[PDB]
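Just one chain follows, in the form solved without the named molecule, and it is written as structure tokens.
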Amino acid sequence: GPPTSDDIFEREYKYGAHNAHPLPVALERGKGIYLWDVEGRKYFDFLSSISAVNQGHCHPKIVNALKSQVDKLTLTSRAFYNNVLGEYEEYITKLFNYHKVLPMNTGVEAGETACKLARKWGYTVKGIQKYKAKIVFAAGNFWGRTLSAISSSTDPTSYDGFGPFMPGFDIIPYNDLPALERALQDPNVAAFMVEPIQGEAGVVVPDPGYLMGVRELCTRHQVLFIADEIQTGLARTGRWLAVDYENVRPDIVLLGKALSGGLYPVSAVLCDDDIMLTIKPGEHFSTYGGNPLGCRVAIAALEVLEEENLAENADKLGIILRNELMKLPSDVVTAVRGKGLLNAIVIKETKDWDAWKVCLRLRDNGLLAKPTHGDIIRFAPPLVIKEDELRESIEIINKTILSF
């Protein structure tokens, strides 16, 4: 017969690095909100690959765009032009209303690019002395696992044993305007990079007015506001960008994950000419960045979000999810939080009972989720989920939680 789930776990243990920490389920097929394991068991996906399959697994519009282009041309590198990139660039810049886009592959690559842009703008436009430029980050931040990314992390698991660390990165508390105002007194700060909602920190939602205050302070002190929307963007929270909730325009926007609906690693840095054009020809590139195959899948992925009105559906259904979760006993679920379909519960963890064990039983009962911490479980289904499917999922969540 074919490999069992245990066969699959065992082979990876033998031949693969032990760098990940997966929930033990072994998936072989996905469609829409559903995943199937190698034994044929069916599950509601409530993780969406960390919000990278907002459009559902294997969306036929995005699949078709990939299959069509793969027969024509997949990669020239940046040594030559391809015919598709410009069409994607015009589309995405007009959608989000920035002059320009710089295409990258992974989320961390887009963050690296934003730091370089901020620094280069800092030195060549603002006039900071080389090499004294600072970038300010919020505690709890996550933007990937390069050496530079972990240098700004407050999570010991990401940075311990991996230094020495990149200089010029400062850390302040999240959701803390007085602290930003204090940090921005230093003329050498070029940018503040921040998530509108912190995903990996446990879906930490800042108070109303935070984002307007950040925009105000950054403008006041001539500092770039970089909004990392790699997890929160693209209809996930109920808008094109989570910053749309307070109608503020960051200087640089980062996109990734669901930019391709899961079909291809595509990320993007959006900003106006006065920031973008600080990087000159030859000063920054990658092999796969802007390749025609990725661009065709990103165009289709973005069109799906628009056409199916997934932002509106995420807004409507998320409030149902939160309100239903809030009905669970307080001696069990101590907090419910989120926006749109990016949500989390906090459980009253004991020594015998934690998020991991809850998630294992969830899995056994046909729903896949994963903790961010011993007491925090993230809930993020694909945005194509219908209300009846959500309520079926809610029933599974209730039954599971109350069975301990």
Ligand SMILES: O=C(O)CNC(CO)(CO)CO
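Heads up: residue numbers just count along the shown sequence, starting at 1.
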Average Cα temperature factor in the PDB entry - higher stretch of 348-356, 36-44 | 348-356
Ordered by C-alpha B-factor within the chain, which third holds residue 383? Give me lowest, middle or highest, please.
-> lowest
Residue 171's Cα B-factor: lowest, middle or highest third of the chain?
-> highest
Going by what the PDB entry lists, where does residue 343 fall on CA B-factor within its chain: lowest, middle or highest third?
-> lowest
C-alpha B factor of residue 57, ranked within the chain: lowest, middle or highest third?
-> middle
Going by the entry, which third of its chain does the Cα temperature factor of residue 111 land in?
-> lowest
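The discussion below concerns the form solved in complex with the named molecule, not included here.
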Heavy atom within 4.5 Å of the named molecule in the bound PDB entry: which of 167, 127, 173, 178?
-> 167
Identify which of 151, 93, 82, 74 has a heavy atom within 4.5 Å of the named molecule in the bound PDB entry; exactly one of them does.
-> 151
Interface stretch in the bound PDB entry with the named molecule - options 159-167, 94-102, 214-222, 269-277, non-hydrogen atom within 4.5 Å | 159-167
